[PDB]
Structure formats: structure tokens, C-alpha cells
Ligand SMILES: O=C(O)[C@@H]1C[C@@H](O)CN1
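In the block that follows, a single chain appears as C-alpha cells, in the form deposited without 4-hydroxyproline.
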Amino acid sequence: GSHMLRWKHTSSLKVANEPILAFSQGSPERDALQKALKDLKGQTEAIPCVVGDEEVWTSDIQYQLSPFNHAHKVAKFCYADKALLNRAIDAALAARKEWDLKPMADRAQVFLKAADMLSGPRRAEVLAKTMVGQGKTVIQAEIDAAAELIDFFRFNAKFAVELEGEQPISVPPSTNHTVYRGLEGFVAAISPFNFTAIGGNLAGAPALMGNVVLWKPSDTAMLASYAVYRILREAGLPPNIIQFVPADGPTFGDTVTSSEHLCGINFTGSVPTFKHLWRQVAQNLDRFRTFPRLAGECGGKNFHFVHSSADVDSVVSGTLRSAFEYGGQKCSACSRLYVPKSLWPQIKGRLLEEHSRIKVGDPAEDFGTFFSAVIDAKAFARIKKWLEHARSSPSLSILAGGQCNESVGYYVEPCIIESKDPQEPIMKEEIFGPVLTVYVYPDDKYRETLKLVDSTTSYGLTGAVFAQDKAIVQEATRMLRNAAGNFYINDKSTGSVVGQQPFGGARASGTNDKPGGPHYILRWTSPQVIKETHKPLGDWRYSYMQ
């Protein structure tokens, strides 16, 4: 009764979060970052599409601009045409079986090696490219392009290696084993401008699980995205496993959703784009060899809710960070603040005072900068329209900021607005700019106002409650259960850390597959269970039939 299939013991991996560096004066990391920033000043990188190991140029030339100095073209790249995208698909599919058959531990090694490169010798590079290309300050680049990306790679490797140890029960005369197959076909990874790490995860997590990927990075994050790609290849990712294919968005979506071999879309960005892709897949359902898996994390209209028992200083600092870091360009950024009347004079005074101290400027040249320009001309225009709405709306008053200037960079000052109307459109719609709206509620209506927090918007991403009263915290936690997939008690609504706050939310905010947690990788495997029986079968009849 010898076993013809033999299964090897599965190993474990010890990982921990990547430490955040301090960038203190004279420190090696501060010196290295300054050098890398100097290396990028006045430079434009010509970034090709990469299919297999071939650098390919099309005639559709595009430029990435430095948000705080838009005269500086930080990258010249090109959009893959439909022909090149289809060639990339074919090549990826031809490489898939071998990659899928590789031991999980061997695929994981690529990402572990990449993580170590990012941690050490390439840290300054990816930080600097994120600063110059996406407009991040030192610490915003550090938490993103270094820590979060490194953590995705290490933690997902751990989760994936350990997943193979999740095996079914065997009873004589049979042995059962689960094979965690990659998905059959190719995955389209479509990433947003605002986090370098998200691009790496969107393309990298499916690849880890044995998939092949067409990665269309965000135009406005091209420089750092390519840096990450090159690191993966240097770390040993074989050719045709991730195709680096910048492209016109609609063109890319049209092409991948037209392929019979599409098996997944891993998306992060706006709701309408995700819905469009979902509908395109549904329209073409009959052509696909299998049912494609769509993962999408989208926007939020996130709240900080203050109870009268709150620590005022914590409300102020936490809210300033959440609303204004990276110019409020986070899916998790606080954009609505609910304050009880009893605390409003104290909080208003402190917000206005601290507001006056916030420095907006060039993050490469002035490390005193709290945040810099927003990402591009389109973002600037949208934010400007909202500022104009605030000035025109009788229910809205600008308390601080309101200025903007796109002469050199896409600069918008932090803006604090008070709304007398808790249902004003500005309380509902995601601006993705440094624009905080405050609604002041009477203390005696806190319960009713909690219902407003829950019902006002279509989103369910992040939210915080500031309160020191335990009963109130318990009550608010119950009431806001579905208002936030990442919920915070006495901390700011941003800054989720891999393995500590797995990230995502529902309602209109996406599919909530919790990248950063141990279950995310399951979306990118389609398990097979093998049963081997070690003894001859008996008769087809059963004894009870006699």
C-alpha cells in the first residue's frame, strides 16, 4: 500500500515589522536620502514597458511630473498598445505553469530578498522616488515605500508558506492533501498613485501565489513603481511573471477584460473605475475559461467622532495628521470631524492655532514641510472646485486656509471648513485633498449624531472615536460596526500597519479582502484537493442491499 504521492514537510517563517527609521540629523539614512534626492534633481528617467526581459517602447509617450515642481518631468514612459498588452498576456500564460509548479517557499524567497533590498541598499532610492514623483514627505515615503512594502512582502511570504500547512484530515485507506494552485489564467494588477507599496502588493501578492500578472502602474507613481519592479526582477523574479505595462486606463481595462484567460483583477483606486471593470467582466462572462476574481479597495469619506470626554490634544493632533498628511490623499484620511458643542471652543482654537504652524512646501528641499503639493492638475482642479463650493454654500464657512496656487506646484493649503448642514455634499463626497469639514453637534444629541455618522455617506472605510468614557466607547463601537472596516479608538483614522491593522472596508469602499492580514492571499489561490487511496476498492454493492 505504498504512497505514490509523497508530500514534504512544510516550513515556517519568522518575520517582524520593518522598523521605521528616525532620519535624525547626521544619521546614515538621512544622509543617504539626501544623496538620493540630489541624484533625482534635474533627472528624467526613460521608463520602458517590460515584457519578459524585453524593454519595449511605443509611440505613446507620457510624462510623470513632480507634483511640487511640475516643470520637472521625473519620468518619460510610454503606454503599451493593445498589441503589446496581448503579447504580454500570451507570454505570461506561457510562463505560468512552471511558476505555479515552483515550491511556494521558492517563490517566497524572491519577495524576502526584495524586502531585504528595500530595507537596506535600495531604501533611499525608493523613498526619494516616492518623494519626488508623488510629492511625499520623508516620513510619508518611509512608512509607504519602505515599511509597508517591505512588510507586505515579508508577511505575505510568511502567510503563504504557512498556508501550505493547512491540510485536511486523512483516514484509512486514504491520504488527502491540498495543493494551493495559483489561478489558471493571468491577473491584471491596477494600482493607484498614492501608495508605492500598494502597487507592489497588488502585483506581488498574486505572483507569490503562483499567478502571472500584467501590472499597469499609476502614471503619477511611475518612477517609484518601476524602481519596485526592477528590484523584484533583481531579487530573482523570473521573466514573464510580472509584465510591467503602463497603459491608458480604459485601453488596459478593455484589453484584459476581453481576454478569455483573465482570471483576476486586483484593483485599488476609485469606485467608478472598479464598477466599470466589474461590468466589463460580467458583459464578457461567456468568453472566460473560468470566473474571474475581482478584488477592489476604493475610497472613503472617513470620520473622526469626538465625545465630550475626549482628550482634546489627542483629537487635535490626530485629526491634523489624518486630514492633512500627504495632503489628505489617502483612502483613510479623516475628512469629516464631529465635535460636541461643549468642546468646540477649545478644539476650534487649537485647530486654528496649530493650522497656522503647518508648513506646505518642497519636501525634498525643506524637511520642515508637513505636507506638499497634491498629485496632479486634475486633483488640483477638483479640490479648487470644492474650495469654491465652500465659499458659495450658505451652510459652509472656511475657518482656515482656502488658498491654492498651481504656478510652480499643485499647492493647496490645508483647509478647515465648518458645515452647519450634516448632509451637505462636502460631508458626503470624497475630495482626496487637504480639506477637513467640521460639524458641531449639541452634546445632548450624541446618540442621534452617531446615527448620522453611520448613515450620511456611502462609504465604510475608516473612522475614529475619541472618548475616555468606557460605556460611550462600547456604545459607539456597536453603533459604528459597519461604518468603518478599520475603526480606531483614541487614535487617528490613518496609518494601518501590516499584520497589526489589516486594511479595508465595505459599503462602497470595496470588497474588503484585508491586505495586510493573513487571509488576503486566499483570493489568489484556487485549491485542489488530492485523495490517494491505498487499497483496492471492494464491490459496487453495499452490505445493506443484501
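One rule holds for the numbers: they count along the sequence shown, beginning at 1.
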| property | result |
| --- | --- |
| Which of 525-533 and 19-27 has higher mean CA B factor, as the PDB entry lists it | 19-27 |
| Higher-B stretch (mean Cα B-factor, as the entry records it), 420-428 or 291-299 | 420-428 |
| Per the PDB entry, maximal CA B factor within 150, 440, 93, 374 | 440 |
| Candidate residues 164, 81, 388, 325, the one whose C-alpha B factor the record puts highest | 388 |
| CA B-factor placement of residue 479, once the chain's modelled residues are sorted into thirds | highest |
| Chain-wide C-alpha B factor ranking for residue 356, given as lowest, middle or highest third | highest |
| Residue 349 - which third its CA temperature factor falls in, relative to the rest of the chain | highest |
| Ranked against its chain, the third holding the CA B-factor of residue 63 | middle |
| Ranked against its chain, the third holding the CA B-factor of residue 42 | highest |
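From this point on, the text means the form deposited with 4-hydroxyproline bound, which you will not see here.
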{"item": "Answer option from 62, 69, 496, 34, heavy atom within 4.5 Å of 4-hydroxyproline in the bound PDB entry", "value": "496"}
{"item": "Position in contact with 4-hydroxyproline when the complex is considered in the bound PDB entry, options 128, 198, 88, 118, heavy atoms within 4.5 Å", "value": "198"}
{"item": "Non-hydrogen atom contact residue 457 with 4-hydroxyproline in the bound PDB entry at 4.5 angstroms", "value": "no"}
{"item": "4.5 angstroms heavy atom contact with 4-hydroxyproline in the bound PDB entry for residue 332", "value": "yes"}
{"item": "4-hydroxyproline contact at residue 148 in the bound PDB entry, heavy atom, 4.5 Å", "value": "yes"}
{"item": "In the bound PDB entry, residue 520 touching 4-hydroxyproline (heavy atom, 4.5 Å)", "value": "no"}
{"item": "Which of 324-332, 233-241, 463-471, 94-102 lines the interface with 4-hydroxyproline in the bound PDB entry (heavy atom within 4.5 Å)", "value": "324-332"}
{"item": "Residues from 498-518 in contact with 4-hydroxyproline (non-hydrogen atom within 4.5 Å) in the bound PDB entry", "value": "503"}
